[PDB]
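**Q** Chains as they are written, first to last, in full-length UniProt numbering: chain A, 443 to 1129; chain B, 440 to 1011, 1026 to 1170; chain C, 1220 to 1281; chain D, 28 to 50; chain E, 6 to 154, 156 to 232; chain F, 3 to 226; chain G, 28 to 108.
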Amino acid sequence: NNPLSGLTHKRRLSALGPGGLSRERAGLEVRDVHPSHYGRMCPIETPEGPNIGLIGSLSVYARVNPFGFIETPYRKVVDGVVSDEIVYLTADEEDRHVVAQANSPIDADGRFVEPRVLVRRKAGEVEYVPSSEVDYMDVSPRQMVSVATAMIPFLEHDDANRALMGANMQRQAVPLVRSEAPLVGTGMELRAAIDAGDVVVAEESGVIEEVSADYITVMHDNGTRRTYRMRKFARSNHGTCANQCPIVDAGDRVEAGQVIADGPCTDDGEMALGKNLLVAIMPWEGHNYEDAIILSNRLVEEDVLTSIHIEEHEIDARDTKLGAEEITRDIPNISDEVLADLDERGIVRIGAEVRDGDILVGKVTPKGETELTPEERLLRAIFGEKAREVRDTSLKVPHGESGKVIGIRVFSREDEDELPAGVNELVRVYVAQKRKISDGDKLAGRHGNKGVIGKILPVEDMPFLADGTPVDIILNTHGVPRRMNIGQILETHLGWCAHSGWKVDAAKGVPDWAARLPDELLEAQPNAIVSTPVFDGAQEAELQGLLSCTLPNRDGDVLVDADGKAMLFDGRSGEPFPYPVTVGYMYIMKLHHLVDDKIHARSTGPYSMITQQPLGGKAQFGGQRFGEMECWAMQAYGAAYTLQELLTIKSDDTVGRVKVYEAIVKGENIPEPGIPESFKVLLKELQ
Amino acid sequence: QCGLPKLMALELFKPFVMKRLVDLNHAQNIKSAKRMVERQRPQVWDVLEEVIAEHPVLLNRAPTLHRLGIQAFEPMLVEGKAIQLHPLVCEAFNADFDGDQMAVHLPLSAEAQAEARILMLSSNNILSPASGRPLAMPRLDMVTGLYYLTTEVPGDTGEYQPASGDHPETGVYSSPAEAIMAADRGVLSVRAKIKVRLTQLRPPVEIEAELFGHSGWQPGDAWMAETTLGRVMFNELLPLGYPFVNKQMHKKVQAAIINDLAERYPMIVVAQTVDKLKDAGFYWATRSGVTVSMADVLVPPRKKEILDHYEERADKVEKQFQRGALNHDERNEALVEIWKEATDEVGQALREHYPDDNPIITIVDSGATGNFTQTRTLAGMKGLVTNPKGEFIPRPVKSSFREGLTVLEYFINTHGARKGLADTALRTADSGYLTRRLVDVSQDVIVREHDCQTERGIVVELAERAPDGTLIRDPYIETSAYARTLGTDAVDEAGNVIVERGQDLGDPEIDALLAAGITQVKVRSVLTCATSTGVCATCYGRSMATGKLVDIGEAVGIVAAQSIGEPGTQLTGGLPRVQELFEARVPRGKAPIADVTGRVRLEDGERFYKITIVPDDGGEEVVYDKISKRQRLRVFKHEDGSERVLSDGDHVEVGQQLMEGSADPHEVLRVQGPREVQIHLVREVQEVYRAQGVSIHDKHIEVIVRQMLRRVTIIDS
Amino acid sequence: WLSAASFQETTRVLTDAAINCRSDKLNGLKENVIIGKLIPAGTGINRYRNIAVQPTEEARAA
Amino acid sequence: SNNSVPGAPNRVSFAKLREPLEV
Amino acid sequence: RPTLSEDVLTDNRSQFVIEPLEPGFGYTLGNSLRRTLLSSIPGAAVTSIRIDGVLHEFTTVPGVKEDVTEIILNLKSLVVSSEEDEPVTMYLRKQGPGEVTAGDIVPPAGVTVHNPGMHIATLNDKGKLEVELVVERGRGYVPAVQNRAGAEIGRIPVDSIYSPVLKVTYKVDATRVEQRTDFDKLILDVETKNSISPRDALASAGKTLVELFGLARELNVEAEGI
Amino acid sequence: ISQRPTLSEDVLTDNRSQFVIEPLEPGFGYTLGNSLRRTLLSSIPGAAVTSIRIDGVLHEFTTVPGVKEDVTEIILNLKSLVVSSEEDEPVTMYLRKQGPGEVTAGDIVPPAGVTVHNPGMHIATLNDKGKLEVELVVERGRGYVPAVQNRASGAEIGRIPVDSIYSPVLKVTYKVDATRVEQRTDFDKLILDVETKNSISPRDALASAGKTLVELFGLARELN
Amino acid sequence: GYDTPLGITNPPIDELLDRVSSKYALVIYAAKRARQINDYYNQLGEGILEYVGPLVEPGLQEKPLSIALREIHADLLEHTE
DNA sequence: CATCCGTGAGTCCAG
Ligand SMILES: [Mg+2]
Ligand SMILES: [Zn+2]
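Encoded structure:
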């Protein structure tokens, strides 16, 4: 889906598989978070459904030792003094020793502050222990988490339940036409993007000799030249748009290891899973009821939440007993209006516009010489049109799909290209879609705050600030204190201060709240980027202070207060909202669950081979299932005919479903259902 | 109504549209019309709007737990590709909007549409067939929005002021059309207590008698009231003919109103009235000012003061265990109690420190959503986390999520968080399984007759006799009596009959017997009435969904099953106890029951409990053998003091549960007979759903249990 | 035997039912659903199923 | 700064100084 | 397509239906038109009153059923049209048993009472009533504290409902024009006094707003299409 | 209790102008300036590019040899192009540049009746050996018109339909000073804030708004 | 006394139930009549002796169910079980 | 009252 999605997959630890355990065999003990998981396997990153606890991500700092166990780095303390010497300890090698937490206060030399400090011990037991007994200590606060988990700002403010989803959903983020880096970060965004290998990193230092959208050439110091080709508009495993673009301008001095060009979901070599939108925390006209989401039309009018999706469509021509399938522009009983987008071969032309039902590749097959209808013979005598023996088996556009034809690949057995036994011509057609965001599209933040798009109001309908700026996303208040994920609120606060910029008051000395604040943050510019590492970063005292330092806009007026809130104006009525509303910026990701994909329906269609019931899935264009639990609901109501209708004339009554179609198109009455073919099968199975 | 996507509708009504395509000659035949639909020609979007006219469709949401899991709607076309749903059926479907997908089935036959529009339409199914409470009612933003304006604020501007000095009485308006212009200018608050003359709202029953003599209130008759402007606007929805309500709209308040509208007023009034409520809520929920910031979420002021008191109390128990004076089973048993008390005192620290202005408390105290335990987890503290074993951890999480949990706190919390999710997923499987078992056993159970006419019924404790005198309403009134039908005339001390036989019990009718002094009524039940196949109509009684006598033909057994299985996710006795009863297993506790009534002879030994019973009426002594791990149940004795644990010399009835635990139903049968074992099961079952706050009417349980005793064994051939 | 078959222990039911030569009367909810009959409940029962609707004599073509 | 190793955009960090070892 | 204007009627009030507005102009028109009818139309009502047998408010008037409060309210409901802007004064005197109405009022030249059957107060025997009214002109609604300065020998400040419009609500639905289901439909409820028709109160409310948007238009009169 | 016709003052800035209007009815200013704000943001006419065509290009998703940017990022850069055409009918602009160097909006040639208001706008960074030949089409309209609508008409396989944001209005707001002093001195003062795209003047924007609004409010005065 | 029923809520169900034994009964009561009317249109074109046409004025493009359900409200139909 | 074998252990979806 995205580069992060890829990286995490490679860092997966599954207990399932041959030699391992089955899903049903796995009890409750296996799945829960073991003490030894510290620094080795993430306690948060794991699936939600029936696979919870059996799939985990490897922690950030851990590595695998030549025997197949999981080691992890610890700092060595000789005698109360922290040493830079680092040794990796296995799970059971850590149990015999005694470990201090990373955040324990250390002297500038390396000595501890207090005699008794926070200590980790065998069997997940914790106690205070004198400094003389401290063997090791943790490398980092963010040591126990994984890569994806470490990209969740203010993680220590969210319950494990939602934070679990936030991590799992980050891999579900869709690449947008161009990606912005989040205003609020953790620092992991950098190292994550680089190791992803879907960005472009310089191997040897030098200078950009030449740049194009196609490729970048680097003139090294020793005289040799290397050229990195850009992946341009390529289809992924999951129909996402892997497109890379150069960062550096021609003639830039670049050192080795530097990201010279980023790919999908990447801004300046940083994981860019979403956009930075102007958020408002308030229930609004019921359209955000039960975790739905309200959008500003700007996001459509400016392609803010727009993504690109490629589909790969295939068709082949085989040797049959009646001859062989041949791809041609000549298709029986088709007007030239429908073939207008084809080449002389019969293939769609590159750059053409296709809609659902249209023709991509014109293939015909010789049909079995069976005696044509004595009624159609007659009809072919009147109009004197001799029938062709070739039946249309052309590749048409599936229901739902739509876009522009961005590439044709053609293999022929003629041109010595190697095909499987029986295939002559095989054509591939790549069609992309520029999907703007629409209602029902799943939007979410890093804090397990998911939701489909309720309503996209016109840009004028959006509640707005004093200087006229309309918000982008209206999140519903009710769905916050329940989930315990108020990290999304802290993010918005820091998100505003990052957008507005700030300045701590240095007069009369450095303030006591901003005492622990590193020197580089006492002064920030509008649209500045900041880190808030997990189990570190900003604290509640500083965040309150920063809201006070909020630099005014262009008009010289401050927009939000120290509470973090501001005054809004209802764009519909005009009157200002009666109470202060919390306003700032929140990083929102576009997940890969879009209505264009999820929507599906069917009147009639294909059917099963044995049970004669409808097939299953959108891909097969099948009907929904009205199962056992659904049947109880019908039986409960006392809706006899509806329930009968569903399982007979709607399902597998061979003569029935046919005699239902006619009755409808003739405008008659629905006949009395027959015997479900599925039952007959049962009877012949019993025999 | 529901918003059916234009795209979805086209394929759904595909052969229906082609019909009207060859009709109005857009297409020459049936073949071409298909092409038109497939090409999505501009003509068809005018054809489709005609086709779907008042043609109901179906909306299903998995898992379909109860019958309201599928509700029929009037189809409305809409741009976009998503299905638009009404907020009020979110309770029934259990459908939030974090990415749910709903199934859509198109009824075809003339019968099918008739069924859908009449039986299954959302507007006709407002109540829960399991309980009779409103499911289609204000729920989240709607309740928070209504609770806003109906709240009376003291010092708010525009308030009523008595006259004193040279300035007259401030706060009196001639009409609602006047006060509306007052808040527009900015003089009056919509939550401030004032005085107004009304001309289109029936006054309270207690006041209507004072100002008219119940001469019959009439649209036009004026009257003065002491409410808030917002409470006035609210009563205009109920609307006329319904007694004015002067309170603040907590969910329980609004629930009462609807449940009263359900009893008296017709369905289409309730359906339209509840529509009025929803629109009222959302409009004001937007203007309620409910907003989550870093400020509003406030940590208590005595946060570290209280936690240091219970940490100091905890270091005394750790040192008392260090000397080995406390058992290892008692140490943790004492530690859990110290911290449970700590968490409570942190909770009290919020409520008085938090203004009623505070949104986080506003949402919780108003029945909108969320518990105070969440708010305590949010601002106060997390408290005890669960062990893998299930026992509560001796170590507490002292931090709140606002303060930022420590690295080591987060870890043990996550562990319990995941095990919680895991158990949740496993009970659902159990519940859904238990569900299908109850269905199969109760399929032949249908309403077949209008009346069995047997006089057999069962006694229900209407109210307990209060010790000082008078009476106390029984805790089991709602679920055991309120929907039953009477099989015997209910007489007080006098010869006067309060309620006849063949009369459905309603709310005022329970008030007719509660004041009369009578505390026991005989009621028709599923168990008692005996018909050839299935059950009769009269005994079953008032259908919980219709608020009227059950129609002839309802598959009540299935509904019963669904009613019990639907909330079976929210359990901790617990769900295992539920299976143990319906499957009639020889219980884990295996609590012994007296075989014959008589005087008790306790003769405990430290190694073993032995119980001997001297028969009341002559007889020979019957003696039992009991394990010391179990304890004697504090049964309500003749002394009317239930807290009296079993003592020697006490007198027990026949079949009286001797010790704490679960009696063996099979022994209850052989000792107390086929009828008593039915009442035992039903109430033992009930106790489980009670403790977790689930109210199923006894009616549904009895249907299943009846299907347990329909067979008798063969002793002699 | 049908209702029992589609419940649990399918193979156990059939072995017994075949030996017992049990003849199933198709008159139950699980029963009728399987064969596709109108379930013997609600709108399915003969009381409601067999209904004749006719115009009032007073009601007459204009 | 947080990661001044590759040549990256400066992402200022609220922190206690983290110098044990890079990811 | 150009927009229409509809009407659904009642004696004192009516509903107006405006469709189809360009998408997002329903709420652009709604609140702006309501405040106008309520605040931008001139009429006439009661500013201040004076009672003979009153030195303080809490005591009711000697020989009168209604409290001092219930009489003010009934007088607030009095619909009156004055020809002159400058404040006039009418007298209402009546004694003995019976009921005093709005037909007993003695109005100045060019001042009319439109509901002469309005109940005001029920007098008993030996019941005397002498009241002095102060009638002004204005727009909308004006508080009582702003009219605190009648002769200080019993001057009472009264809420002045100058506006001949009583109450107005509005809803914005969406009509489906062409293929676009985006166009807005505005439904407007308007209830007036017995002075002016709702049908008339809107036209003046309409004409008034036309004056405001004239200032902007005057500069260049660029473009638009109906 | 006072009658005075209203005024329409103005305090300026080159790009944005404050309009002062008074004296207005009490509690009226908020819903008046908003009626204007929702008129400016949605229905102010202007001109913008509808379709384009690039040599060697047949669709939106490819690369022009020797050019630093892709067609998508190029078409994305053109969304910030400010243009004012008077021709009610479509007109064709041009842009041709070769070799090393940067191309900008200045290298665009508007025909008679078309003007570019931002020549310094970066478009593409053509390195050596690079050539770019574009053919831009501008139309008049209002509000926002999606690109997708052009494709079905009959457009050839060369033309690449581009989204259109006709509204030349940038950012609009308002504030109100209501004198709520207990007297007949209760009025509302309106201060409108209008910022444009240097395509039209903030004043000229308020005029078209009024012109539209006047012709809309005139139908409430007409008789039945 | 209520507000005018809109769409599929008309005819109001409460008054509809006053003329029938139960909810289920009304279903077959109406549908079989809605069936009769739809037969009448189809048959009339080619077959005389059809069931009697709708006893009330048909709404423009009104569903045969919507027709039947209205005349039930008009008490113009006779009921038998 | 405790062992050994055979049969259960939520729905829909996607894939
Ligand atoms: Mg959900
Ligand atoms: Zn019975």
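All C-beta atoms in this analysis are idealised placements derived from N, C-alpha and C, irrespective of residue type, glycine included.
Report whether the distance from the Cβ of B:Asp-535 to the nearest heavy atom of ligand 1 is below 6 Å.
**A** Yes - ligand 1 has a heavy atom lying nearer than 6 Å to the Cβ of B:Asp-535.
**Q** With DSSP as the reference, please indicate the residues paired to A:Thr-669 in a beta bridge.
**A** BP columns for A:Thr-669 point to A:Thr-659.
**Q** Comparing the CB of A:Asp-733 with every heavy atom of ligand 1, is any distance shorter than 6 Å?
**A** No.
**Q** Over what stretch of residues does the beta strand (DSSP E) that includes residue 438 of chain B continue unbroken?
**A** Any question about residue 438 of chain B goes unanswered here, given that chain B covers just 440 to 1170.
**Q** Does the Cβ of E:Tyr-96 have 16 or more other Cβ atoms within 10 Å, making it buried, or fewer, making it exposed?
**A** Exposed is the call here.
**Q** Does F:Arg-39 pass the burial test, meaning 16 or more other C-beta atoms within 10 Å, or should it be called exposed?
**A** Its Cβ being crowded by 16 or more others within 10 Å, F:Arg-39 is buried.
**Q** Going by Cα to Cα distance, which pick from A:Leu-458, A:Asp-745, A:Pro-557, A:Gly-566 is closest to B:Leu-847?
**A** Looking at the Cα atoms, A:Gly-566 is the closest of the given residues.
**Q** Consider the C-beta atom of B:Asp-539 and the heavy atoms of ligand 1; say whether any pair is separated by less than 6 Å.
**A** Yes, ligand 1 has a heavy atom inside 6 Å of this Cβ.
**Q** If I measure Cβ to Cβ from A:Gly-937 and keep anything under 7 Å in the same chain, skipping five residues before and after, which residues do I get?
**A** Within the same chain, A:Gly-937 has close Cβ partners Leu-625, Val-626, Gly-1026, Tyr-1027, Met-1028.
**Q** Give me whichever residues DSSP pairs with B:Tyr-749 in a beta bridge.
**A** Answer by DSSP bridge pairing: none, since B:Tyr-749 is not bridged.
**Q** Going by the CB atoms, is the gap between A:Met-724 and A:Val-1023 shorter than 7 Å?
**A** Yes; because the gap between Cβ atoms is below 7 Å, this pair is in contact.
**Q** Using DSSP bridges, identify the partner residues of B:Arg-981.
**A** The partner list for B:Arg-981 (beta bridge, DSSP) reads B:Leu-988.
**Q** Excluding the 5 residues flanking A:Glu-786 on each side, which residues of the same chain have their C-beta closer than 8 Å to its C-beta?
**A** Hits under 8 Å: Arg-771.
**Q** With C-beta atoms as the reference, is A:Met-1009 less than 7 Å away from A:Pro-1020?
**A** No.
**Q** Do we get a CB-CB distance below 7 Å when we pair C:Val-1252 with the residues of chain G?
**A** By this cut-off, C:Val-1252 is not an interface position.
**Q** Going by beta carbon distance, what residues of the same chain come within less than 7 Å of F:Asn-17, once the five residues before and after it are set aside?
**A** So the qualifying residues of the chain are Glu-197, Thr-198, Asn-200.
**Q** Quick one: which chain A residues come within Cβ less than 7 Å of B:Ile-469?
**A** Neighbours of B:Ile-469 on chain A, chain order: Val-1107.
**Q** What would DSSP say about B:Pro-615, mapped onto helix, strand or coil?
**A** Correct three-state label for B:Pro-615: helix.
**Q** Which full runs of the alpha helix (DSSP H) of 4+ residues lie inside the stretch 23 to 78 of chain E, going along the chain?
**A** Counting whole runs of 4 or more residues, the stretch 23 to 78 of chain E contains the alpha helix (DSSP H) stretches 31 to 44.
**Q** Which same chain residues, not among the five before or five after A:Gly-705, have their C-beta less than 6 Å away from its C-beta?
**A** Around A:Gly-705: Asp-640, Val-641, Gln-686.
**Q** Can you give the Cα-Cα distance for E:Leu-208 and B:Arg-630, rounded to whole angstroms?
**A** Those two C-alpha atoms are separated by around 31 Å.
**Q** Could you work out which residues of chain E lie near B:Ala-602, taking near to mean beta carbons separated by less than 8 Å?
**A** Correct list: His-61, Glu-62, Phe-63.
**Q** Identify the continuous beta strand (DSSP E) that holds F:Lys-133 and give its terminal residues.
**A** F:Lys-133 -> beta strand (DSSP E) spans 133 to 144.
**Q** Using a Cβ cut-off of 7 Å (strictly closer), state whether G:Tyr-67 contacts chain B.
**A** It does not: the Cβ of G:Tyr-67 has no partner Cβ on chain B nearer than 7 Å.
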